[PDB]
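These notes are about the structure you will find just below.
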Amino acid sequence: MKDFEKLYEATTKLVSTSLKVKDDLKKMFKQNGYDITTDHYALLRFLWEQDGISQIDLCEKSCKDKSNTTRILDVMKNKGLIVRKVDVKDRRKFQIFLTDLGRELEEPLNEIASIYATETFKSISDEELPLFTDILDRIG
Amino acid sequence: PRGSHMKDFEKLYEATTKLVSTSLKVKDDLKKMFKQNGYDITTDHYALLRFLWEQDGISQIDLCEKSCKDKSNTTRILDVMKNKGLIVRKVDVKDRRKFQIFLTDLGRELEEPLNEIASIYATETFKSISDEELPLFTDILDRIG
Ligand SMILES: O=C(O)c1ccccc1O
Ligand SMILES: O=C(O)c1ccccc1O
């Protein structure tokens with residue numbers, strides 16, 4: 001039926017497809033001169049939707065945890081993509097803002113990611129997307 | 001690139017996210033599965049042993065290709081697996097540079113009790129997914145890329 005061999009394959013494919021996809025996309029960013037990771041692009045996506053999100057919300061949005069998200073954010077700050085501000089209401093609590101460089105990169109990075117998305121999913125039909133997704137949702 | 005039937009980018013992005021967040025939630029779930037249960041063994045240790053139990057005495061080339069992955073990391077974990085006393089290297093009787101990987105005694109004894117655990121975790125992991133869905137999932141994932 002769905003014996004251990006298949007479940008182990010499934011799990012294995014899921015993890016490796018995920019890794020390949022992150023890594024191919026990062027390579028395509030680098031090929032075009034953008035030295036960013038997939039993690040940076042995801043976080044930037046949140047920020048292009050809503051500037052000045054608190055650190056705290058952003059770690060909840062992240063699909064990652066606080067220690068890993070915070071490290072990733074330091075790198076981005078170091079790359080000049082965002083700044084960190086002492087809050088207008090509080091202290092020990094920051095807001096995360098786009099720099100101009102961070103805003104400038106919406107168009108170009110989203111374009112590269114589109115190109116990468118269309119090719120990577122060319123063999124999949126539109127209608128398979130919610131099936132795939134609803135399976136992933138019910139795993140674990 | 002293009003076509004007369006394009007998918008919406010946002011949908012592909014959301015699905016890519018779901019793929020990735022789910023892979024992570026799954027690795028998290030499985031992190032301590034041997035350790036909480038009395039075997040000081042990682043996930044990576046385990047996935048390599050699966051290849052070894054299937055093909056004991058495989059070439060470190062074919063293994064690094066089996067693993068897909070980064071050779072130093074594949075190799076680096078191999079190293080802990082030597083140190084823990086799970087595997088060792090004998091040198092391939094073809095070249096003087098090509099290696100071969102072989103399970104230690106623990107390595108072979110560990111098959112049953114570690115597969116037993118992983119089976120029970122896998123079953124749990126996929127318990128709300130149906131029999132027909134499994135090869136569908138799997139076929140989608142193969143076609144991605
Ligand atoms: O990747 C693993 O080590 C694993 C563990 C338990 C069940 C399925 C799996 O692929
Ligand atoms: O969840 C992620 O880190 C991610 C990975 C690849 C593409 C888009 C993403 O949001």
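Residues are named by chain letter and number: chains run A, B, ... in the order of the structure tokens, numbers start at 1 in each chain, and ligands are numbered from 1 in the order shown.
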
> Using only C-alpha atoms, which chain A residues lie at most 10 Å away from chain B, written as an MDAnalysis selection string?
Replying inline: chainID A and resid 1:22 24 42 62:64 110:111 113:140

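Ranking A:65, A:90, A:35, A:51 by their shortest atom-to-atom distance to ligand 2, with only C-alpha atoms and all ligand atoms included, puts A:65 first.
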
>> Please return, as a ChimeraX atom specification, all residues of segment 1-138 of chain A that DSSP assigns to strand (DSSP E or B) on the basis of the backbone.
In response: /A:53-54,82-86,94-98

> Expressed in Å to a single decimal, how great is the separation between atom CA of residue 105 of chain A and atom CA of residue 58 of chain A?
Replying inline: 19.3 Å

> So which bits of segment 3-135 of chain A end up alpha helix (DSSP H) when you DSSP the backbone, as a ChimeraX atom specification?
Replying inline: /A:4-31,38-49,55-61,66-78,100-104,106-120,128-135

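Considering the residues A:68, A:32, A:97, A:26 and counting only C-alpha atoms, residue 50 of chain A has its shortest atom-to-atom contact with A:97.
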
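Counting from atom CA of residue 85 of chain B, the distance to atom CA of residue 73 of chain B is 17.8 Å.
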